[PDB]
*Asks:* 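One structure coming up, written as structure tokens, with questions to follow.
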Amino acid sequence: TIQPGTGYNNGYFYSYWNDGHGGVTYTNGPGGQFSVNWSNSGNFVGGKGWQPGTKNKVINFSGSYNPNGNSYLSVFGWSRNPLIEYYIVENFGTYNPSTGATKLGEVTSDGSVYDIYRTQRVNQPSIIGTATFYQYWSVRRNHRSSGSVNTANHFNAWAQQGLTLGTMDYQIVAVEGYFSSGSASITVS
């Protein structure tokens, strides 16, 4: 594993964060590749991509994703002004992160319909400190662990629905886990 933090590896931005509970290892491989192995973890997020992201990026990903419990595989990032955390969820484990959330529409992109949702985080950690902020979600109906994400289709559908994004901060393909186990090996481009 590598040390939690952010940086560059083989031309790609990477972010690896965990809550210190233990049970998760993250490694950066050649090119846009990263691996995650976890067993009875706490909360963590790790992956590769770009700093800053863009609003018209076509993100390609490929590999394997084998969660055992609560975990997501997503295009994941933030905007500033307004502060927004966003997800384009390609696959997940035992928990659909939109459970109980307000549905804001649908969008068809890259071979599947996605359902759109908005949630809110109240006084939670963020890229600027403790804050209350919205989260935007596109949740893919047809799960997969390889493919291409035309981010503009999502960002445009969100904007159409009144879900506005500010200036992009980082934008990665991320494996997130919440107190679960699993393995993943993903290559980004």
Side-chain angles (χ1 to χ4, degrees), residues 1-39 41-67 70-80 83-93 97 110 121 124-129 131 133 135-138 140 144-152 154-155 165-189:
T1 191
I2 71 174
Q3 192 69 205
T6 68
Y8 280 83
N9 178 260
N10 301 136
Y12 291 88
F13 178 76
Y14 75 86
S15 178
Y16 170 44
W17 169 87
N18 70 53
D19 63 2
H21 180 72
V24 50
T25 64
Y26 171 97
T27 75
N28 282 318
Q33 194 278 348
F34 68 95
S35 296
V36 195
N37 293 276
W38 69 108
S39 174
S41 69
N43 188 203
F44 68 89
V45 178
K48 274 179 165 175
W50 297 271
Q51 172 66 291
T54 72
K55 289 172 179 181
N56 65 330
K57 190 180 297 296
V58 173
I59 297 171
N60 303 304
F61 66 103
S62 57
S64 304
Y65 171 63
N66 293 281
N70 186 352
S71 171
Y72 319 138
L73 175 69
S74 322
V75 171
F76 169 73
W78 295 79
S79 75
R80 296 170 184 262
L83 180 65
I84 300 291
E85 187 177 42
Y86 68 82
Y87 296 77
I88 302 164
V89 185
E90 302 292 288
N91 210 331
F92 57 77
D110 308 294
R121 299 274 289 152
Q124 299 292 336
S126 84
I127 56 164
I128 55 72
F133 53 94
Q135 298 173 303
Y136 302 160
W137 306 83
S138 285
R140 197 173 167 99
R144 65 192 187 160
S145 55
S146 294
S148 188
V149 173
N150 177 350
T151 60
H154 295 278
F155 302 152
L165 285 172
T167 310
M168 306 303 253
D169 200 86
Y170 66 78
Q171 179 177 69
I172 62 174
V173 179
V175 169
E176 176 166 345
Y178 185 81
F179 291 82
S180 63
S181 300
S183 64
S185 179
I186 298 290
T187 303
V188 181
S189 68

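Along the sequence shown, residues are numbered consecutively beginning with 1.
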*Asks:* Return the CG to CH2 distance between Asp19 and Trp17, rounded to the nearest 0.5 Å.
*Replies:*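 One finds 5.0 Å between CG of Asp19 and CH2 of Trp17.
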
*Asks:* Could you tell me the separation between the CG atom of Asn66 and the OG atom of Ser183, rounded to the nearest 0.5 Å?
*Replies:*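 Output value for this atom pair is 4.5 Å.
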
*Asks:* To the closest 0.5 Å, what do you measure between OH (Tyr16) and OG1 (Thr27)?
*Replies:* 10.0 Å

*Asks:* Which heavy atom in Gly46 sits nearest to a heavy atom in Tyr26, and how many Å separate them?
*Replies:*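 Shortest heavy-atom contact: C-CE1, 3.7 Å.
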
*Asks:* With side chains defined as the heavy atoms from C-beta onward, is the minimum distance between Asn18 and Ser41 less than 4.5 Å?
*Replies:*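 Not touching, per the 4.5 Å side-chain cut-off.
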
*Asks:* List in chain and number order the residues that pass side-chain hydrogen bond (donor to acceptor under 3.5 Å, both in side chains) with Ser148, two or more places apart in sequence or in another chain; answer none if no residue qualifies.
*Replies:* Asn60

*Asks:* State which residues pass side-chain hydrogen bond (donor to acceptor under 3.5 Å, both in side chains) with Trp50; sequence neighbours excluded, sorted by chain then number.
*Replies:*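 Applying side-chain hydrogen bond (donor to acceptor under 3.5 Å, both in side chains) to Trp50 gives none.
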
*Asks:* Using every non-hydrogen atom in the two residues, find where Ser146 and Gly63 come nearest and quote the distance to one decimal.
*Replies:* OG-N, 3.3 Å

*Asks:* Quick one: closest heavy-atom pair of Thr151 and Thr54, and the distance?
*Replies:* OG1-O, 4.1 Å

*Asks:* Taking all non-hydrogen atoms of both residues, which atom of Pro97 and which atom of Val89 are closest, and how far apart?
*Replies:* CG-CG2, 4.3 Å

*Asks:* Kindly say whether the aromatic ring centers of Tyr87 and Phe76 come within a distance under 6.0 Å.
*Replies:*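 Yes, close enough.
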
*Asks:* Side chains of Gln33 and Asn10, heavy atoms from C-beta outward: is any pair under 4.5 Å?
*Replies:*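 Counting from C-beta outward, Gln33 and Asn10 never come under 4.5 Å.
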
*Asks:* Rounded to the nearest 0.5 Å, what separates atom NZ in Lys48 from atom OG in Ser189?
*Replies:*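 It comes to 11.5 Å.
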
*Asks:* Would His21 and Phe179 satisfy ring-ring contact (aromatic ring centres under 6.0 Å, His included), going step by step from the backbone distance to the final call?
*Replies:* CA-CA 9 Å; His21 180 72; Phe179 291 82; 5.2 Å; yes

*Asks:* Mind checking whether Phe13 and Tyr170 have ring centres under 6.0 Å apart?
*Replies:* yes

*Asks:* List in chain and number order the residues that pass salt bridge (charged side-chain N to carboxylate O under 4.0 Å, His left out) with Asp169, two or more places apart in sequence or in another chain; answer none if no residue qualifies.
*Replies:*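 With sequence neighbours excluded, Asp169 shows a salt bridge (charged side-chain N to carboxylate O under 4.0 Å, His left out) to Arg80, given in chain and number order.
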
*Asks:* Quick one: pull up CG in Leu83 and OG1 in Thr167 and give me the separation to the nearest 0.5 Å.
*Replies:*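 Here the rounded value is 11.5 Å.
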
*Asks:* For a side-chain contact (heavy atoms from CB on, under 4.5 Å) check, start with the C-alpha distance between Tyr86 and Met168, then their side-chain angles and the critical distance, and finish with the verdict.
*Replies:* CA-CA 11 Å; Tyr86 68 82; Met168 306 303 253; 3.4 Å; yes

*Asks:* Has the side chain of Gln171 got a donor or acceptor atom that lies under 3.5 Å from a matching backbone atom of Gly49?
*Replies:*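 No: the side chain of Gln171 does not pair with the backbone of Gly49.
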
*Asks:* What is the distance from atom CZ of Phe44 to atom OG of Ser180, rounded to the nearest 0.5 Å?
*Replies:*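 Output value for this atom pair is 5.5 Å.
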
